[PDB]
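Colleague: Would you be able to build a 3D model of this:
(one chain, ligands or ions: 1)
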Amino acid sequence: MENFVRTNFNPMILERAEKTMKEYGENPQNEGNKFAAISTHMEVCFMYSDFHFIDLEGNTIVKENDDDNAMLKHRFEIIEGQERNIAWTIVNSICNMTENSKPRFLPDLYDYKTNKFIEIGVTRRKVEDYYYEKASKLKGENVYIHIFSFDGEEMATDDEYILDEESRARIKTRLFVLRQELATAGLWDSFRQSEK
Ligand SMILES: [Mn+2]
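Modeller: Residues are numbered from 1 along each chain as shown. See below for the structure:
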């Protein structure tokens, strides 16, 4: 619900979520649940990406300060939460500099280290169900798929995790916290059900 969302997410995320929402006619007002889902999905994207860089030796490394700067490239291109115009510019550009084929759907992320596109999903349902729902909708176009849930379970393509364990932890907790908060605010049930 809108008050809950506006209370529990930072302004950057709220800005982006509201934005992407003002494109299907829906508004946090009569669509609290969608607003929540988008907020969550977005936050997870940032959590996946922030503080992640690539070395001058090409290794991946996590750094608390976050600022880029010429010895450190950002590990990921955050595609989710940009304007579709910019998103596609980024996707198209990347496919240009490589042998990636332009994907049918916009991905959540791009990893410069593995040269993969990344779809991210968060679910209130199982994790298997969502994964196979996504995998199969995304068949062929090798995009790496990472699913999280609110019960702290998790499921990636072929079960390898290019994200460090700490960051995956951090995520799984956050989703957990959120689940509690929702429950104590009496919103968890309605939300859990509203999915699909
Ligand atoms: Mn997604």
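
Colleague: all helices for this structure, in order.
Modeller: Applying DSSP state H to the chain gives helices spanning 2-8, 11-21, 32-49, 84-96, 128-135, 165-184, 188-193.

Colleague: Tell me which of those sits nearest to the ion.
Modeller: Nearest of the helices of the chain to the ion, taken as C-beta to the ion: helix 32-49 at 5.3 Å. For the C-beta atoms, the positions are set from N, CA and C on the backbone; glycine is no exception.

Colleague: related to what we said a few turns ago, quick one: closest of the helices of the chain to residue 73.
Modeller: Nearest to residue 73 among the helices of the chain is helix 32-49; the distance by C-beta to C-beta comes to 12.5 Å.

Colleague: ok, the residue nearest in space to the middle of the chain - contacts?
Modeller: Among the residues of the chain, residue 45 comes closest to the average C-alpha position under C-alpha atoms, centre = their mean, at 3.0 Å. Applying C-beta atoms under 8 Å, 6 or more residues apart in numbering to residue 45 gives the contacts 78, 80-81, 108-109, 120.

Colleague: near the ion too, which of the residues you listed?
Modeller: Near the ion, taking C-beta under 5 Å from the ion as the test, the members of those found are 108, 120.

Colleague: Get me the contact residues on this structure for the ion.
Modeller: Close to the ion, as judged by C-beta under 5 Å from the ion, the chain has residues 108, 120.

Colleague: tell me the contacts of residue 54?
Modeller: Going by C-beta under 8 Å, 6+ apart, the list of residues near residue 54 reads 60-61, 72-75, 112-113.

Colleague: Bridged to it, which residues?
Modeller: Each beta-bridge partner of residue 54 is listed here: residue 60, residue 73, as defined by DSSP bridges.

Colleague: quick one on the thing from earlier: so how do I select the buried members of the contacts of residue 54 in PyMOL?
Modeller: With 16 or more other C-beta atoms under 10 Å as the criterion, this PyMOL line picks the buried residues out of those:
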select buried, resi 60+72+73+74+75+112+113
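
Colleague: could the contacts of residue 54 go into CSV alongside distance to residue 181?
Modeller: As requested, those are exported to CSV (distance: C-beta to C-beta, whole Å):
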residue, distance to residue 181
60, 32
61, 32
72, 34
73, 35
74, 30
75, 29
112, 34
113, 34
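
Colleague: what number of residues lie near the nearest residue to residue 118 once chain neighbours are set aside?
Modeller: Leaving aside its chain neighbours, residue 118 sits nearest to residue 109 (3.9 Å; criterion: C-beta to C-beta, 6 or more residues apart in numbering). For residue 109, the neighbour count with other C-beta atoms under 10 Å is 21.
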